[PDB]
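Heads up: numbering here begins at 1 and tracks the sequence.
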Amino acid sequence: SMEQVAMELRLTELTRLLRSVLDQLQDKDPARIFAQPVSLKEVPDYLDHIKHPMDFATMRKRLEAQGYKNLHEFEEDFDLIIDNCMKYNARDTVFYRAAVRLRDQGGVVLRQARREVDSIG
């Protein structure tokens, strides 16, 4: 139907906007601490600590399958990146500190992304 196509166009437009949000968020992680999943070879116990792991590569695979229906879904995954890191790692670590900086800097980007998703429907 034409209605299905139109909904598909909206999903595609959202996907384009989220790809740019994701690039902007990832630039706030120049050390690439959050680029890839935590390795179970190198942290074999990781899943005893963290139930829903997340990373920018895994978000990117979801995005390119148009797997985010709205900004809320995408923000949930971003928040998992940060929140997982701040539980597993201690406060005095390079990892925790990188999460805090990503959170603070990403908040600015997401503040305007929320206005752009509302605004352009």
Side-chain angles (χ1 to χ4, degrees), residues 1-2 4-6 8 11-15 17-40 42-60 62-68 70-110 112-119 121:
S1 71
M2 199 54 224
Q4 287 293 328
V5 168
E8 293 165 356
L11 180 58
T12 297
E13 283 317 287
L14 175 68
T15 302
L17 182 157
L18 294 181
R19 191 176 303 122
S20 166
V21 176
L22 181 61
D23 295 347
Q24 283 174 76
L25 294 175
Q26 188 151 23
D27 293 332
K28 309 305 170 148
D29 172 35
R32 298 191 76 82
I33 293 166
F34 310 106
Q36 296 292 331
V38 172
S39 175
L40 305 170
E42 296 148 14
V43 193
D45 83 339
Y46 187 67
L47 304 181
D48 295 333
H49 294 263
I50 298 292
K51 296 305 161 179
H52 300 100
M54 194 46 58
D55 68 86
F56 285 131
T58 300
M59 294 191 58
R60 200 172 296 279
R62 190 162 160 194
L63 187 58
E64 295 306 327
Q66 299 189 343
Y68 295 113
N70 60 48
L71 185 58
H72 183 76
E73 288 193 343
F74 175 106
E75 289 169 301
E76 284 190 331
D77 274 353
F78 178 62
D79 283 342
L80 272 175
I81 294 170
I82 294 307
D83 292 336
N84 286 349
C85 180
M86 301 170 67
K87 289 172 192 71
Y88 189 82
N89 307 104
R91 227 154 24 247
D92 77 319
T93 59
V94 66
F95 307 105
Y96 185 112
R97 288 165 178 285
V100 167
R101 292 161 62 82
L102 179 59
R103 193 192 59 182
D104 287 351
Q105 294 196 274
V108 178
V109 172
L110 293 173
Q112 198 56 37
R114 158 55 55 206
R115 304 189 57 84
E116 290 171 313
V117 166
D118 282 355
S119 193

If I compare all heavy atoms of [X] with all of [Y], which pair ends up nearest, and what's the gap?
X     : Y      : answer
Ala57 : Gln36  : CB-OE1, 3.7 Å
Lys28 : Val109 : CE-CG2, 4.5 Å
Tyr68 : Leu63  : CE1-N, 3.9 Å
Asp55 : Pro37  : CG-N, 3.1 Å
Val21 : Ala113 : CG2-CB, 3.8 Å

Taking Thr15 for the side chain and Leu11 for the main chain, is one N or O donor matched with an acceptor at less than 3.5 Å?
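Indeed, once roles are kept as given, a pair shorter than 3.5 Å links the two residues.
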For the side chain of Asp29 and the backbone of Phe34, is there at least one donor-acceptor N/O pair under 3.5 Å apart?
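Pair found, side chain donor or acceptor close to backbone of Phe34.
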So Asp118 and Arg115, side-chain contact (heavy atoms from CB on, under 4.5 Å) or not? Walk me through it.
CA-CA 5 Å; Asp118 282 355; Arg115 304 189 57 84; 5.9 Å; no
For atom CZ of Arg101, decide whether the heavy atoms of other residues, nucleotides or ligands shown that lie under 6.0 angstrom number more than 12.
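Atom CZ in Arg101 is not crowded, with 12 or fewer foreign heavy atoms closer than 6.0 Å.
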Calculate, to the nearest 0.5 Å, the distance between atoms [atom1] and [atom2] belonging to [X] and [Y] respectively.
X      : Y     : atom1 : atom2 : result
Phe95  : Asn89 : CZ    : CG    : 6.0 Å
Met59  : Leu80 : CE    : CG    : 9.0 Å
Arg32  : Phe56 : CZ    : CZ    : 9.0 Å
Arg114 : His72 : CZ    : NE2   : 9.0 Å
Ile33  : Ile81 : CD1   : CD1   : 12.5 Å

So [Y] and [X], do their side chains get closer than 4.5 Å, heavy atoms only?
X      : Y      : answer
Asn84  : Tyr46  : yes
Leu71  : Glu116 : no
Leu22  : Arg19  : no
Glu73  : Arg62  : yes
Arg103 : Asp79  : no
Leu18  : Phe74  : yes
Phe78  : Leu110 : yes
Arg91  : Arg97  : no

Identified side chain to side chain contact (heavy atoms under 4.5 Å, CB included) counterpart of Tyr88 within the set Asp45, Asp83, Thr93, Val38:
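For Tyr88, the side chain to side chain contact (heavy atoms under 4.5 Å, CB included) test succeeds with only one of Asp45, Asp83, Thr93, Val38, which is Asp45.
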With a 3.5 Å cut-off and no angle check, do the side chains of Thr12 and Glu8 form a donor-acceptor pair?
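No - no donor-acceptor pair under 3.5 Å links their side chains.
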Whether the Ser20 and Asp23 side chains hold a donor-acceptor pair (N or O, under 3.5 Å, no angle test) is what I'd like checked.
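Judged by distance alone, the side chains do not pair up.
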